[PDB]
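> Dropping the structure in here first, questions after.
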Amino acid sequence: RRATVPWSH
Amino acid sequence: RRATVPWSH
Amino acid sequence: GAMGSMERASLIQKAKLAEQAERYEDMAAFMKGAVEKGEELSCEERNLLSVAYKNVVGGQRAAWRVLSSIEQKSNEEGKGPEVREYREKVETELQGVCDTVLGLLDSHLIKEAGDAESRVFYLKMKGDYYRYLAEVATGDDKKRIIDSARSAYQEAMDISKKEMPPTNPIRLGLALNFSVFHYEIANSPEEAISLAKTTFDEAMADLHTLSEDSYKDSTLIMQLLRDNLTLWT
Amino acid sequence: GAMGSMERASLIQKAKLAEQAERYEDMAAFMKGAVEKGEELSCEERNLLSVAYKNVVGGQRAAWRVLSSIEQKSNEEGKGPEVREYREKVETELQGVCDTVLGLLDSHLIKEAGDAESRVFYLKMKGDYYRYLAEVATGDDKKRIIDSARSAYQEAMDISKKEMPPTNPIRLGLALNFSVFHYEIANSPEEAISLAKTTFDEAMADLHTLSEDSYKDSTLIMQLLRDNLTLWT
Ligand SMILES: C=CC(C)(C)OC[C@H]1O[C@H](O[C@@H]2C3=C([C@H](C)COC(C)=O)C[C@H](O)[C@]3(C)/C=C3/[C@@H](COC)CC[C@H]3[C@@H](C)[C@H]2O)[C@H](O)[C@@H](O)[C@@H]1O
Ligand SMILES: C=CC(C)(C)OC[C@H]1O[C@H](O[C@@H]2C3=C([C@H](C)COC(C)=O)C[C@H](O)[C@]3(C)/C=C3/[C@@H](COC)CC[C@H]3[C@@H](C)[C@H]2O)[C@H](O)[C@@H](O)[C@@H]1O
Ligand SMILES: [Mg+2]
Ligand SMILES: [Mg+2]
Ligand SMILES: [Mg+2]
Ligand SMILES: [Mg+2]
Ligand SMILES: [Mg+2]
Ligand SMILES: [Mg+2]
């Protein structure tokens with residue numbers, strides 16, 4: 001899916 | 001690592 | 001309890017939704033509420049209970065191991081109370097979850113469980129959660145915690161050998177976990193290896209009696225026994 | 001707050017331990033306690049705050065999407081209140097975390113942030129957490145929630161264009177997220193694509209000024225912009 005930042009994990 | 005059951009995830 | 005006003009069936013339904021959503025704390029809280037309705041659990045419901053709490057305590061144990069490793073390094077030859085404090089916080093939370101599970105088993109799942117498949121399941125869980133307590137224990141009660149795990153596993157083993165075929169998945173998983181208990185809690189690697197090997201071999205000899213679906217279930221846990229034997233030898 | 005008795009430095013240290021242990025709820029609680037000490041945050045501390053809360057809300061959003069999808073299917077042509085109730089429970093918890101983050105930003109991180117790198121960072125976070133509120137909103141305030149996200153992102157954009165080079169990672173990440181806001185919240189895919197493309201191209205032209213380490217930082221976020229453009233075209 002499309003990216004946003006920060007990301008999780 | 002060594003296995004036990006149930007496992008997580 | 002906070003789940004006392006929710007219908008049993010709704011708690012079970014929500015536990016299944018929580019499992020799909022990977023919300024394991026919620027899943028465990030829903031299953032605790034279902035247990036506290038006072039009725040026996042079905043096989044599927046027992047499985048939900050065990051998966052929910054394993055996921056909760058598994059995250060806590062993994063975090064405890066990370067923090068313990070940092071604490072060990074910080075106490076070697078060559079930064080204040082914070083690492084110990086935070087390891088203790090995680091430890092206390094983990095102990096609380098184990099105490100909760102053990103309390104559900106003692107009030108009153110085990111005493112009402114008469115069929116082998118339910119009694120062995122709950123006694124295995126009792127051994128597992130005393131084992132998790134033993135992983136973090138250091139005080140005057142450590143030996144009693146280890147013996148509580150051993151005693152629960154041993155009763156489950158005795159019933160399983162009398163009442164279940166050697167390929168029964170609960171029997172196999174019990175043996176897998178009791179073998180790990182021997183290896184890394186009781187300092188008995190030879191007993192751990194002997195249990196895993198005899199369990200594997202006896203299950204192999206009984207596979208011919210199974211349908212394709214039962215064969216798949218049993219061989220999956222057998223592969224875990226083999227994986228552990230490969231690691232240990 | 002429950003962290004009021006712990007030293008600021010100890011909260012920061014424990015947030016870093018929690019990050020290593022993958023205990024993101026704890027990490028976020030420690031960082032909230034550090035913010036509430038009332039002192040400005042360093043760059044590293046801002047990063048810890050944003051990672052902690054993103055991991056918390058990310059799990060909630062993922063769970064909300066699973067439950068929403070089940071609820072949608074259960075309302076198609078062709079099982080009681082439980083799915084809606086549990087989706088609402090997760091939704092309310094998510095909204096609570098967003099409100100907490102927005103409250104930290106409003107009391108008083110944004111008003112004390114004078115340097116571009118801190119002000120843009122906090123305004124981006126404000127846009128992000130209003131955006132998460134917008135993902136679940138349906139009432140009379142939905143348009144105002146969307147505009148609150150837009151207004152925060154726009155102020156951050158205006159500062160970032162005046163005060164930061166086009167390769168600055170905060171500027172790039174702001175553009176990435178504001179572009180996603182345009183695409184999937186504001187129903188403005190053309191604006192989303194135009195923002196991602198101009199941001200990517202302007203950063204490409206400024207890479208020559210960077211060291212190897214800064215080059216690596218900037219190109220990582222540029223690749224996310226390119227990934228989104230590839231998905232959208
Ligand atoms: C957990 C926190 C610790 C370990 C302290 O730091 C995490 C990372 O913080 C820095 O990265 C930031 C950063 C990330 C980078 C893209 C990671 O890729 C590197 C190495 O660039 C992802 C994280 O979500 C974070 C903190 C968040 C943001 C967004 C914040 O929107 C309010 C805007 C873009 C980006 C910027 C701020 C990056 O500058 C370092 O430079 C990294 O080295 C380090 O991994
Ligand atoms: C989340 C729960 C739901 C979806 C209801 O069920 C999970 C699984 O429950 C059953 O598996 C059990 C089972 C697992 C199997 C090894 C999964 O491999 C299959 C398909 O055999 C892993 C789980 O930890 C669980 C519930 C736990 C145990 C241990 C419990 O110790 C107290 C003993 C061994 C094993 C037994 C009980 C398996 O019989 C089904 O047969 C599976 O099909 C299904 O995936
Ligand atoms: Mg009823
Ligand atoms: Mg202790
Ligand atoms: Mg020997
Ligand atoms: Mg002080
Ligand atoms: Mg709602
Ligand atoms: Mg067009």
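> Are any of the pairs D:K73/D:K126; C:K143/D:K14; C:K54/D:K89 more than 26 Å apart by Cα-Cα distance, and if so, which?
On the way: D:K73/D:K126 33 Å; C:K143/D:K14 32 Å; C:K54/D:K89 23 Å.
Listed pairs above 26 Å: D:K73/D:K126; C:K143/D:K14.
> Separation of region D:76-111 and region C:1-69 by C-alpha centroid, Å?
A separation of 22 Å, based on Cα centres.
> Restricting the calculation to Cα positions, tell me the Rg (one decimal) and the Dmax (whole number) of region C:122-189 in Å.
12.0, 39
> At each listed q (0.08, 0.10, 0.12, 0.14 Å⁻¹), what is the log10 of I(q)/I(0) that the Debye formula gives for the protein assembly as shown modelled as equal alpha-carbon point scatterers?
Once normalised to I(0) and log-transformed, intensities are -0.63, -0.92, -1.15, -1.32.
> Same structure, new question: For region C:8-232, what log10 I(q)/I(0) values come out of the Debye formula at q = 0.11, 0.12, 0.13, 0.18 1/Å, with one point per alpha carbon and no solvent?
Values returned for q = 0.11, 0.12, 0.13, 0.18 Å⁻¹ are -0.61, -0.72, -0.84, -1.42.
> Measuring from a point 7 Å out along Cα→Cβ, what nm distances, shortest first, does D:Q20 have to its partners in the other copies?
Listed shortest first, these distances are 4.0 nm.
> If I stretch the segment between C:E112 and C:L220 completely, what's the gain in nm (0.36 nm per residue apart, minus their alpha carbon distance), one decimal? It would help to have the intermediate numbers written out before the result.
Numbers: separation 108, 0.36 × 108 = 38.88 nm, distance 2.99 nm.
Net length gain for the segment: 35.9 nm.
> Also: Among C:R8, D:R150, D:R87, D:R23, rank each residue by its count of other Cβ atoms within 10 Å, from fewest to most, as a rough exposure measure. Display every interim value, and only then the final one.
Working: C:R8 16, D:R150 19, D:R87 22, D:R23 27.
Fewest-to-most Cβ neighbours within 10 Å comes out as C:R8, D:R150, D:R87, D:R23.
> At 7 angstrom along the Cα-to-beta-carbon line, where would the label on C:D213 sit relative to the other copies? Give the distances in nm, shortest first.
Sorted ascending, the copy-to-copy spacings read 6.0 nm.
> Continuing with the same structure: Distances from C:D140 to the same position in the other copies: list them in nm, one decimal, shortest first, using label points 7 Å from Cα along Cα→Cβ.
6.5
> Limiting things to C-alpha atoms, what are the Rg and the maximum Cα-Cα separation (Dmax) for region D:156-223, in angstroms?
My reading of the Cα-based Rg and Dmax gives 12.0, 38 Å.
> Okay, next question. Once you have the Kirkwood Rh of region D:89-205 from its Cα pairs, apply Stokes-Einstein at 10 °C and 1.306 mPa s and quote D in µm²/s.
Values: Rh = 14.6 Å.
Estimated via Stokes-Einstein, D reaches 109 µm²/s.
> Could you tell me which GluC sites (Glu not before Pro) in region C:87-155 are loop residues by DSSP with no more than 10 other beta carbons within 10 angstrom of their beta carbon? Don't jump to the answer; show the numbers that get you there.
Values: sites: C:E88, C:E91, C:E93, C:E112, C:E117, C:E135, C:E155; in loops: none.
Counting only loop positions with at most 10 other Cβ atoms within 10 Å, none of the GluC sites (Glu not before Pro) in region C:87-155 qualifies.
> Apply the Karplus parameterisation 6.51 cos²θ - 1.76 cosθ + 1.60, with θ equal to phi minus 60°, to every residue of region D:165-178 and state each ³J(HN,Hα) to the nearest whole Hz, in sequence, with x for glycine and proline.
Listing the rounded values in order: x, x, 8, 4, x, 5, 4, 5, x, 4, 5, 3, 6, 5 Hz.
> Turning to a different aspect of this structure: Per DSSP helix of 4 or more residues, -39500 (n - 2.57); summed, then divided by the residues of chain C. What does that give at 222 nm, rounded to the nearest 500?
Numbers: 9 runs with 176 residues, N = 233.
Using -39500 (n - 2.57) per qualifying helix, the result is -26000 deg cm²/dmol.
FYI, it's all coordinate maths here, none of it is from the lab. Neighbour counts are summed over all protein chains in view; Cβ atoms, including those assigned to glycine, are modelled from backbone coordinates with ideal geometry.
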